[PDB]
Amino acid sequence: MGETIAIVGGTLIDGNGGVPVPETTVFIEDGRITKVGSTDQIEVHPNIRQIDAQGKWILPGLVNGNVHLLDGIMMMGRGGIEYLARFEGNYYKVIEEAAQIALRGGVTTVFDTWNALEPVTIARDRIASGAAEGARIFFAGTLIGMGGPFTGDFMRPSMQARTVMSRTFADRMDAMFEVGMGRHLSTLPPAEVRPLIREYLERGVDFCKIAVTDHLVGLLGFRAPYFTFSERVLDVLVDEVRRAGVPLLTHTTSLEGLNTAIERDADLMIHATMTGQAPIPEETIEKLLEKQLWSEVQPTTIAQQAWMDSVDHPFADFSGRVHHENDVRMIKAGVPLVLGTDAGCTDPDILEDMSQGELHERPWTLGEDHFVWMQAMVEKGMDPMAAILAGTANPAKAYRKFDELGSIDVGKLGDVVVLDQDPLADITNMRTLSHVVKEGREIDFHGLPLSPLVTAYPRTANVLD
């Protein structure tokens, strides 16, 4: 799948954190970066495709450490039934479309931390083999110990999908997301858990995410967290994940969940600063610093948060108040940080419901969510370069892919983006994409997605042959 190209004469930001290098040239052959250096210092035979990066900035291909290519954030409110019913038969194409939408924003690698295993496998495999366009996918499959989209984990007091849908359909959806690893694992002794997780890991996942704490925030609010498992069952899960040799992700929503994750040396802790609206103790930050563990955080911009607060939004507490303070203090301490957003490609019927306030700097809008993330983190005092490293090298490191991707270095995959303006002068300039390259192949990124499916709109009631 690799091709050959040269990105010529731009200011290079290679993702290793150093001072940027002007008039630099990147040379990619057969997918891989072979030469990085000064323009005058190396030659481009004109049988070779070139991009003119003069006056422009060269960055590695962007990396999102947490997306849902079947839109999971939606399923936690309105729209789950209609979306899943509408696209049954085509989930892998929904996933490919979402990957393409991510690619349209410069993101060449996505890490999907919750999805239905079958279609995300199909889509990853098709994208890897050139059979389909889109960002490179690595996935967890399901979240261990969490129920599917029609269980309590996606209910609200006034929103209970199972009251208005067939049990059969609901069960069929819950099964394709749970894959046998749902809430019932909490009823089992450790020796019955071990084989189930061992078998699950043999199914081909790139990493494993465990629900250390509950996923009941839609039902109970933010200040009543639980643990999904006893700690010895949790340790069973963790040990089997280590046996399988894949990275360990955690889902936590309390201070004690966070500490518990830290003491398991999690490779990546998803929304680590979501802590039941209780402030993270200095001790916990000191552990993150001593152990050099990666925390993913999911912030809101000043504007989005203010809008949320202005309408008493139900998820105003997800990133607001004490969690905002957590983000600020984590930044100021210099802990290892990873970009992730829970973003997905939201159904247009649900988008059409939304006010302009809801849409402006919306954190879950796949394709723009990473721009917004970097903006929000910089609004909280993060250094623009660190913010770029967060969306580039850091997730590669956390997921153990930094030998293949995440920085522009010889031997690594030729994923690259070119920006018209300086992202270190203004982080919103990350939006100023003009070229996108994946494995040395330049992408017509403005013409993505190739075959609109979810994003096809408006919708015709009776399509005539």
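Just count from 1 along the sequence shown to find any residue number.
Set 5-13 against 451-459 and average the Cα temperature factors; 5-13 ends up higher. Set 309-317 against 111-119 and average the Cα temperature factors; 309-317 ends up higher. Listed residues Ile73, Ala266, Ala85, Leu234 were ranked by CA B-factor as deposited; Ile73 comes out on top. Placement of the Cα temperature factor of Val67 within the chain: lowest third of the modelled residues, per the deposited record. For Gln356, the recorded CA B-factor ranks within the highest third of the chain. Only modelled residues enter the ranking.
Per the deposited record, the Cα B-factor of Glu202 falls in the highest third when ranked against the other modelled residues of its chain.
In the PDB entry, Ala390 places in the middle third of its chain by CA B-factor. In the deposited entry, the Cα temperature factor of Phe222 sits in the top third of values across the chain's modelled residues.
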